[PDB]
Amino acid sequence: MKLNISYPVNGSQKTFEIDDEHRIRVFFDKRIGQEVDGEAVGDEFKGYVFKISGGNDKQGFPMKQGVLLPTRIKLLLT
Amino acid sequence: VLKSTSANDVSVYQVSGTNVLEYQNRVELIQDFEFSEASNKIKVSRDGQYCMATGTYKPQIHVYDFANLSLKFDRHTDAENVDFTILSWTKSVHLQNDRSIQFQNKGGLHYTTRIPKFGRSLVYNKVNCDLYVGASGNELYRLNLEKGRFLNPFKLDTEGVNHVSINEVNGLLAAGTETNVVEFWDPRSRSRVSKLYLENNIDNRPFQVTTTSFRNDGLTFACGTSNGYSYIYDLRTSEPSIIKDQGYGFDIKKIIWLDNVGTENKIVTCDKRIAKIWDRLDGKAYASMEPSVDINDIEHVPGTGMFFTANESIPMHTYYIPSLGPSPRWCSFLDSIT
Amino acid sequence: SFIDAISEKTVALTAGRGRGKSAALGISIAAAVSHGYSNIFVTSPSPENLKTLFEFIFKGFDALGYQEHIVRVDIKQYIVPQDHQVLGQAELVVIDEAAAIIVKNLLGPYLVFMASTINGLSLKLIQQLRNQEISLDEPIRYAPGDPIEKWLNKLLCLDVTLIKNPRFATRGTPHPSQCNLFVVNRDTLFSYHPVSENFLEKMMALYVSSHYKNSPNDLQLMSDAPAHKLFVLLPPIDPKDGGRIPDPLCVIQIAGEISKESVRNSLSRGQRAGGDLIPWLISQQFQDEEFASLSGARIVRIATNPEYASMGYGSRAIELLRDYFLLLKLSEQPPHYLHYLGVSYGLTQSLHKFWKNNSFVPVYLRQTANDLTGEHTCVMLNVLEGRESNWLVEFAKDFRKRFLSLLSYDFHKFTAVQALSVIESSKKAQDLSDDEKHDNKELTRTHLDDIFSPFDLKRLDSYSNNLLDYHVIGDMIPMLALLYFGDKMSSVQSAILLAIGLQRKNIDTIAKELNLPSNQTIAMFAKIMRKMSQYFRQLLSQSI
Amino acid sequence: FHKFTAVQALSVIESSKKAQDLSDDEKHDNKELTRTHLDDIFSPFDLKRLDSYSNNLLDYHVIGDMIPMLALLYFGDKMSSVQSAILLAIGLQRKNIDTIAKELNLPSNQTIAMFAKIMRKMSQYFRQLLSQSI
Amino acid sequence: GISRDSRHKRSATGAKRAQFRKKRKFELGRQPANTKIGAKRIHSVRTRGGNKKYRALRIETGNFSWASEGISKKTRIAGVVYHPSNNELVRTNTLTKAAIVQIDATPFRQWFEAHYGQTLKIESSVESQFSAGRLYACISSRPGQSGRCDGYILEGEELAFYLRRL
Amino acid sequence: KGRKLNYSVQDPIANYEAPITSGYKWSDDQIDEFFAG
C-alpha cells in the first residue's frame, strides 16, 4: 500500500510505499476519523497517531467519509 | 460509537434521527433518506434488499437498494397514499386516499383502477391471488389478480373496517371494524366463521379496533384498538384475552411479531408517539423506542434486529437493537461502529 | 417399473416405506441392475448389513449376465457403500440407497444419484412428502397372505389406523380450548374384546405416531407392564357418548432404593434404576440415589390437531402436576392413588425441539452422554422437577455439577450443536436459579484468583487486543478459559454468547462465521466481547 | 486446543525445548511455585476428586475423567514426573482427543493396557494432589 | 392531479373520437395536499415566474376571528367533525377551507376577561364553550394555496346552522 | 353510481400474477379440526 501522511501545522506531506501487509493490517476495518497508533504499522515511528482522511483505491475511486460497506457502491453526488 | 438511549437494562440505537466533529465522523447509513417533511409508510421486501417508502408531498415510491445504500428512483404517484403491499420482485400494488388503486411495475404505473367507496386497507393473498381491500361500510372488496375480475363483496357491519389481514399458514381473514367486533371471514368459503367481540375493564368510550395481525403458527391473533391497548387471542378460551394498556394510549397502529428471529415470544406494539416491545405469556416490556417526533407507522427487517419507522419529520429513523439480534449483511459494520 | 424408470432417469425418486413387513429393503434395492449394467458405474449405497443379500437378484444378475466377476463391483462399475455422513458428503454418483435409515444426511446426497430412500411411519415420510415421487407400501409375496401373521398382528398391533374425523361440531376443536385430560389406570386394559381393545388399538396408533422406529416391543411388552398408564384428551364434551385419546404418553416407575441402590452398587449393578444411575454415579449422590424413579418412556402429542399439538406439552405437564397434586376412564382414582416421595423426573432424547419441550416442561436436563450411538444421535439427558418442593439443595448441586461438566466438556462430542449448547446452558441456569435461590455464589472478582489464572502478560495482551488493533490469533491463547470463566462466574446476548461458546468449543472464527453471520460481523462481536471482558478485569484491577 | 493438533512426540519435544530454554536462561528468576492448597481445591471439585478415586479403585469412564482432565493436563504440564506412555497421556488429554485415536496412532500396541496405565498415572496424580492439599 | 382541459371529456352534445394531444405545461394539476395537524411545515413551490405558492400540510397556529367584534386571535386545532365535500375527510381528520374545526378557546377567555373584567349577553350554547374550552370555528383561509389557517368563530346563528346539521 | 363499481374485466391484471397449488401448508381437514369451535 502507499501511505500519504500530512503534518498540517508545519505544512508537510509525503507518501511512503509500505509493503509487508501485516504492518498494514492495523488499519483494517477502521473507518474514517477513527485514530490509529504508530506501533502496529511500524516500529521506527512509535508514539505516532494518524487520523485517516480517506484514500483512493486501485481503480482510483475515492471514499467519502462515513457511509458503510468497504466495497464499491453507486451513490448520487454533485 | 453512536449514543444509546436509557432503557430497562438494554440498549437501542438510532441512525438518521433528528439530531443525526459529527460532520467529519458522520454515521449515515442510507444516503438520501429524507422526504418532503413527513413520511407515509415504509416496508422492506421479502428478499434481502429493496425497501420501499411511500411519499408525503408530491408522494413518491422511493425504492432503496440495500446493496447500494442509496435511492433507486422516486415515481411521483398521482395521489397521496395510505396503504400498500409488495408482491414479488418488482411488482407492487397501492391504494391512495381517494378510492383508486395503482399497480407499479418495473416500468411503473401498470394500471390505475378504483373501488366504489373510500378504502383504508389492502392485503394480498398468496393462494389463488385475490387482494382483499377494506373500505368504509358494508363493503370489503376483492380484486383477483387471476383474470382481473371482481368478487361478490364481503358483507360487513355498519361503519366499516380499519384493517384487514389474512393468516399465512392457513388463511383466516381478519377485519378490524368500529364496533369492537373482529369479523373473521374464511378465505375458502367466502363466508363468516366468527364475530368475536373485544372487551376491557376501563371502557373509556366505544373504541374501534385498528390493527390486526397473525403469525406463522396459525393459532394466535394480535388485536388492536383506538385507545392504546394491545390484545392477544387464541382459540383456547377465545372469549377473554390478555391486554396491554400503554402509558400514553392514543391509537395503536402497528403490532408485529418476532416469529422469525431468535429471542422468541416477543412482539412490537406501536402507537402514535412511542413503539414498545414486550414478551408473551407475561406482558412485560422488553424495550421501547422513544423518538423525538410522532410515528406514522413502523416496520421490522426480517432475520435481524433493526426497525424502520415512517414519521412526521424530514428523515426516517432506523432503530438497531444489539441484544435482539445482529445487524444484517449489508449493514455488517454497524456492529463495528456501535 | 421403478427399475426401468430409474435406468432411464438418474429425476427418479422412490421411497420404500414399510409398515410391518414385506417391503423394506429387497425389491427397490433389486431395482438397480439395468442401471448397473447399461447406464451406471458409480453405484454407492450406505447400509449396515444385509443389503447385497437383499438385492441378491441384482447381484446374481450382475455376476452372471452383466459382469465377468462382498465388496464393490467392477467391470472386468464400482459399488462403494459407505456411512450416512460419507454418503452425504461424497456422492458424485449415479445410484445410491440406504435401506432402514437419519434422513437429513440422505437428503444431503441428492445431487446426481438416483433417489431411492427406504425404511421399515416417521418424519422421513413427512420430509419426503414436504420436499417439492413414488411410494412403496404394498402386499406380501403370497396369494391371500398369512393368517398366522394376521392373528399375531391382531394380538401385537403391527399396523396403525387413523380414525379421527369431523363427525360433530364438538369433534375437531370446539372442545380443544380448555380440555383438562384424565388418566387411565386399568391394569388389564388389553383384554380381548371388540370395543375397548379397538379404542386401545387407536390409542396405540396415536402413541406410535411420530414415535421411534418399528420396534419389537412397541405393543407387545409395554402392553403388559406393571402400571403402564396413559391419558386421553378432549375431556370437555357432552353432546355425545364417546371418547378418543389425543395424548397417549407412556410413564413407568421402579425402585425408595435407599438400601437397594447401595446393595446394587455392591452387587456390581450400580446402573440399576434410570434415576439413580447417572445421578448416583455422577458425584456419588445420597438423597437422589436414595429416592426411587418415576420416568417416561414415550411422549405423545397431536400429529393431527393444531390446537392439541400446541397444548400437548401443556397437557403432559398438567398430567405430571396432577400426579404431584373393567374399563373406567377415571381421574378420581389417582386423586388418592397418585402418591410418591421424590420420584418425579424423566429423560428427553436429544433434539432441539425436544429440549425446547423440556424447557417448557421446565423439569431440567442433567447431561446427555459423552458420544453418539448407532440408533440415537445423543442419549436422553435426565429431566427432573417436583411439585412438593424439598430437593432444592439436591437440584442446585446437580445443576452446578452438570453445568461445570458441560462448560468444561470442550471436546466431548467435537461436532456438537451451538443451539443445543445454548439450550443446555439455559436449562442449567434455570435449574440452579429456580429452586429457592442459588445457594452457591459466583466468583465475585477475587483479585488473587485473577492474578492466579491470568498473568500480567496475558492481562496486558487481552487489554491491548481489545483497546487496539491486534489479531484473534494474537489473543486466542486465552479464548478457551475466559469463555468458561465468564459463563461460570456482564452480559452477552444470544449471538455473542453463541460466539463465546463456539470459541470455548474451539471452533474457528471463519468456521462459525460461514455458518451464522459473516467473518467481519463475527469478528466485531468478538471484539466487543473482548472489550467487555477487559472492562470487567480492569474494574477488578482498579478496585484491587 | 484450538489449532495445534499435530503430534505427540514433537509436542513433547517442543515443551521440552521451551523448558530447556527456561532452565538454561534462568538461575532462580522464573521459578514457579507449586500447586497451592486452596487454589487446587478450587480448581478441581471435591466430588471430582471423589470420581478420581472412583477411577483409582474402579473404571476411569468419562463421568469423572473428562470434567477434571483439563485441569489434570494443565497441572501436569505445569509441575512429580511422567512416563513416556504417561507423557503421551498428558499430551492426549491436552489435545483432548478420545481414547482410541492418539495412543493407538502413536504406540499402536496395548490400547487398553495403555489406557489403564493412563488411569494409574491419573490415580497417582490425584493421590498426590489429595495427600498434598487435603 | 392531472389536468385542466375539456379535451379529455365530453361536452353538452355528446362527442367521441378524442385522441387529442400530449398534455401541455399549462394543464398543471398538482397533487392534493390534504393539510393536517402536526408541526408547521409549508412547502414553497414555484409557478408563473417568481409566483411562490405556500402549500401548507401541518399547520397549527390558526388565526380565528371573534365574530361580533372581529378579533382574529391565535389558537390551536383539534379536528373536523363534518365536511361533506368528502365524508371520509372528517374520518381522516384533515384541515381544508370551510371546515368546522374545534378550538381550545383559552385566549378568547383571556381577551374577554381582559376587556370586560369579569368571567362567565352572548349566546348560551357558546357560553357553554366559554366555560368548557372547545368552541367550533370554520376555516376561511386556504392552506393549500396561501399556506395559512385563518377562520371565523361560530356565534349563534351560524352555530345552530351547523349544530342542526351535525 | 356511474364509475362506482364497474363489474368489468380489465386487461393488464388478467395475468398479473399466477396461483399456487398446495398453498396453505395446513390441510383443509386441519382447518375443520382447527375451528370446529
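Residues numbered from 1 in each chain as written, not as in the entry; some residues may be left out. Chains lettered and ligands numbered in written order. Part of a larger assembly, values for the part shown. Heavy atoms only, no water. Residues with missing side-chain atoms left out of burial classes, pairs and counts.

According to its PDB record, this entry is titled "Cryo-EM structure of 90S small subunit preribosomes in transition states (State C1)".

Novice: An account of the overall build of chain F is needed here, citing residue identities and associated values.
Specialist: Secondary structure summary: chain F contains 1 helix and 0 strands in total. Along the three orthogonal principal directions, the C-alpha set of chain F runs to about 45 × 25 × 10 Å. Within chain F, the proportion of its 37 residues that are buried is 30%. On chain F, roughly 2,600 Å² of surface is accessible, and the fraction owed to carbon and sulfur atoms is 48%. Of the charged side chains in chain F, 4 are positive and 6 negative; the average position of the first set lies 25 Å away from that of the second. (Helix = DSSP H or I, 4+ residues; strand = E, 2+ residues; numbered from the N terminus. Buried < 20%, exposed > 50% of the residue type's maximum accessible area, 1.4 Å probe, protein only. Areas by Shrake-Rupley, 256 points an atom, 1.4 Å probe, with all protein chains shown as cover. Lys, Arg positive; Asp, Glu negative; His and termini not counted. Charge placed at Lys NZ, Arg CZ, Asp CG, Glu CD.)

Novice: Give a description of the overall build of chain B that names residues and reports values.
Specialist: Within chain B one finds 1 helix and 28 strands. A burial count over chain B gives 63% of its 338 residues as buried. Approximately 12,700 Å² of chain B is accessible, and the part contributed by carbon and sulfur atoms is 50%. Between the mean site of the 36 positive side-chain charges and the mean site of the 40 negative ones, chain B shows a separation of 5 Å.

Novice: Mind laying out the pattern of salt bridges, listing which residues take part and the relevant values?
Specialist: The closest approach of N and O atoms between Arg120 of chain B and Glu88 of chain E, which form a salt bridge, is 2.7 Å. Here the residue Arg120 of chain B occupies a position in strand β10 (residues 119-123), and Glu88 of chain E occupies one in the loop between β4 (71-75) and α1 (89-92), the pair thus bridging two chains. Salt-bridge contacts for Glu27 of chain E lead to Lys23 of chain E; the nearest nitrogen and oxygen are separated by 3.6 Å. (Salt bridge = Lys/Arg side-chain N within 4 Å of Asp/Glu carboxyl O.)

Novice: How would you explain the pairing of strand β27 (residues 306-311) of chain B if you had to name every residue and give the values?
Specialist: All names here are of chain B. Bridge analysis of strand β26 (residues 295-300) against β27 gives 5 bridges, and the strand direction is antiparallel. Paired with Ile298 across the two strands is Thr309, which belongs to β27. In textbook terms, the turn of a hairpin is the stretch between consecutive antiparallel strands, and for β26 and β27 this stretch comprises 5 residues, one of which, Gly303, has a positive phi near 85 degrees. (Pairing = 2+ DSSP bridges.)

Novice: Outline the arrangement of the chains, listing residues and values.
Specialist: For the 7 pairs of chains in contact, the maximum contact count is reached by chains B and F. A gap remains between chain C and chain E, with no contact made and the closest C-alpha atoms lying 38 Å from each other. For the non-touching pair chain D and chain F, the nearest C-alpha separation works out to 44 Å. (Contact = heavy atoms within 4.5 Å.)

Novice: A description of the sheet that holds strand β6 (residues 134-139) of chain E should follow, citing residues and the corresponding values.
Specialist: Residue and element names in this part refer to chain E. The 5 strands lie next to each other as β4-β3-β7-β6-β5, forming an open sheet whose pairing is mixed. One side of each edge strand has no neighbouring strand; the edge strands of this open sheet are β4 and β5 (100-104). On average, each strand axis in the sheet is inclined to that of its neighbour by 40 degrees, with strand direction left out of account. Note that strand β3 (residues 62-66) and strand β7 (residues 150-153) share 3 bridges and pair parallel. Among the inter-strand pairings, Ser65 is bridged to a residue of β7, identified as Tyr152. Each of β3, β4, β5 and β7 touches helix α2 (residues 106-115); the most contacted strand, β3, lies at about 40 degrees to it. (Axes fitted to C-alpha atoms, helices over the stretch in contact; angles between N-to-C directions.)

Novice: Could you give an account of the sheet that holds strand β23 (residues 266-270) of chain B, naming the residues involved and the relevant values?
Specialist: All names here are of chain B. Taken together, the 4 strands give an open sheet; going across it, the order is β22-β23-β24-β25, and neighbouring strands pair in antiparallel fashion. Strand pairing shows two members of the sheet lacking a second neighbour, β22 (256-257) and β25 (285-288), which therefore form its edges. Where β23 meets strand β24 (residues 275-279), 5 bridges bridge the pair, whose relative direction is antiparallel. Bridge assignment links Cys270 to a residue of β24, and that residue is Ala275.

Novice: So what's going on with the packing of aromatic side chains? Residues and values would help.
Specialist: Pairs of aromatic rings are described using the distance from one ring centre to the other and the angle between the two planes. Ring centres of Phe214 of chain B and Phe221 of chain B lie 5.4 Å apart, and the angle between their planes is 45 degrees; on these two criteria the pair is classed as tilted. Look at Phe34 of chain F and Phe35 of chain F: their rings are 6.1 Å apart centre to centre, the planes differ by 50 degrees, and that puts the pair in the tilted class. An aromatic cluster of three or more residues is present, and its members are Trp66, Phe108, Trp111, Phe112, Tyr116 and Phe130 of chain E. Taking the ring centre of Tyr50 of chain B as reference, the NZ or CZ of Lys72 of chain B above it sits at 4.8 Å. Positioned above the aromatic ring of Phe161 of chain E, the side-chain terminus of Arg165 of chain E is 4.1 Å from the ring centre. (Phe/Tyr/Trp six-rings, centres within 6.5 Å; stacked < 30°, edge-to-face > 60°. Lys NZ or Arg CZ within 6 Å of the ring centre and 35° of its normal.)

Novice: Help me get a handle on the environment of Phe66 of chain B, residues and values and all.
Specialist: Residue and element names in this part refer to chain B. Here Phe66 is to be found in the loop between β4 (63-65) and β5 (70-71). Considered as a pair, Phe66 and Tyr50 are 16 residues apart in the sequence and their alpha carbons are 5.9 Å apart. Excluding residues within four positions of it along the chain, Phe66 makes contact with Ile30, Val44, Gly48, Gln49, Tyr50, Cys51, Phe308 and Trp330.

Novice: Which residues make up the packing of helix α19 (residues 456-467) of chain C against helix α23 (residues 519-543) of chain C, and what values go with them?
Specialist: A packed helix pair is summarised by two numbers, namely the angle formed by the two axes and the spacing between the axes. Residue and element names in this part refer to chain C. Across the interface, α19 lies against α23 with an axial gap of 9 Å and an inter-helix angle of 135 degrees. Between α19 and α23, the interaxial angle falls into the category oblique. Handedness of the crossing formed by α19 with α23: left-handed. Mapping the contact onto sequence places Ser462, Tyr463 and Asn466 in α19 and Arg530, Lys531 and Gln534 in α23. Residues that form the contact of α19 with α23 fall into these classes: 1 nonpolar, 3 polar and 2 charged. (Parallel < 35°, antiparallel > 145°, perpendicular 65-115°, else oblique. Left-handed = near helix turned anticlockwise from the far one by under 90°. Nonpolar A, V, L, I, M, F, W, Y, C, P; charged D, E, K, R; others polar.)

Novice: Mind laying out the interface of chain F and chain B, listing which residues take part and the relevant values?
Specialist: Tallying the contact residues gives 25 residues for chain F and 39 residues for chain B. Residues that form the side of chain F that touches chain B fall into these classes: 15 nonpolar, 5 polar and 5 charged.

Novice: Mind laying out the UniProt feature "repeat: WD" in chain B, listing which residues take part and the relevant values?
Specialist: All names here are of chain B. The feature "repeat: WD", as annotated in UniProt, sits at residues 34-74, 156-195, 204-243, 247-288 and 290-329 in this numbering. The distance from the first to the last C-alpha atom of residues 156-195 is 11 Å, and the span holds 0% helix and 32% strand. The span residues 204-243 is 0% helical and 30% strand by assignment, and the distance between its end C-alpha atoms comes to 15 Å. (UniProt positions renumbered as here; feature names shortened; annotations may be inferred.)

Novice: How would you summarise the side chain of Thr225 of chain B if you had to cite specific residues and measurements?
Specialist: Secondary-structure assignment places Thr225 of chain B in the loop between β19 (221-223) and β20 (229-233). When near neighbours in sequence (up to four residues on either side) are disregarded, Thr225 of chain B contacts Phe207, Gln208, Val209, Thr210, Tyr231, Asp251 and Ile252 of chain B.

Novice: Got a sec to walk through the pairing of β4 of chain E? Specific residues and values, please.
Specialist: Residue and element names in this part refer to chain E. Note that β3 and β4 share 5 bridges and pair antiparallel. The residue bridging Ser65 from the neighbouring strand is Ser72, located in β4. Turn length for the β3-β4 hairpin, with the two strands adjacent in sequence and antiparallel, is 4 residues, and the turn residue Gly70 shows positive phi of about 70 degrees.

Novice: Got a sec to walk through the side chain of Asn162 of chain B? Specific residues and values, please.
Specialist: Along the polypeptide, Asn162 of chain B turns up in the loop between β13 (154-155) and β14 (163-165). Of note is the side chain of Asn162 of chain B, whose polar atom sits 2.9 Å from the side chain of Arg91 of chain E. Setting aside residues up to four positions removed in sequence, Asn162 of chain B forms contacts with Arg120, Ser121, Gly176, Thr177, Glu178, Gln208, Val209 and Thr210 of chain B together with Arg91 of chain E. (Polar contact = N/O pair within 3.5 Å; in protein donor to acceptor, adjacent residues only side chain to side chain.)

Novice: Requested: an account of the environment of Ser313 of chain B, with residues and values cited.
Specialist: Along the chain, the position of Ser313 of chain B falls in the loop between β27 and β28 (318-320). Between the C-alpha atom of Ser313 of chain B and that of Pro153 of chain B, which follows or precedes it by 160 residues, the distance is 38 Å. Aside from chain neighbours lying at most four places away, what touches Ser313 of chain B is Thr18, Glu37, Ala38, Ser39 and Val293 of chain B together with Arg41 of chain E.

Novice: Go over unusual backbone geometry, please, and point to the residues and values.
Specialist: At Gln59 of chain A, a position not held by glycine, the phi torsion is positive, near 70 degrees. Checked against the element boundaries, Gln59 of chain A lands in the segment after β2 (12-17). Of note, the phi angle at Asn96 of chain D is positive, near 60 degrees, even though the residue is not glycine. Position of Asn96 of chain D among the secondary structure elements: in the loop between α6 (84-95) and α7 (99-105).

Novice: Quick one: what's the story with the environment of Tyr229 of chain B, residue by residue and with numbers?
Specialist: Residue and element names in this part refer to chain B. Along the chain, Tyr229 falls in strand β20. Sequence separation of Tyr229 and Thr269 is 40 residues, and the distance between their C-alpha atoms is 9.2 Å. Setting aside anything within four residues of it in sequence, one finds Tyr229 in contact with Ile202, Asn204, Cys223, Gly224, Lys244, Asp245 and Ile252. Here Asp245 takes part through its side chain, which lies 2.8 Å from a polar atom of the side chain of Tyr229.

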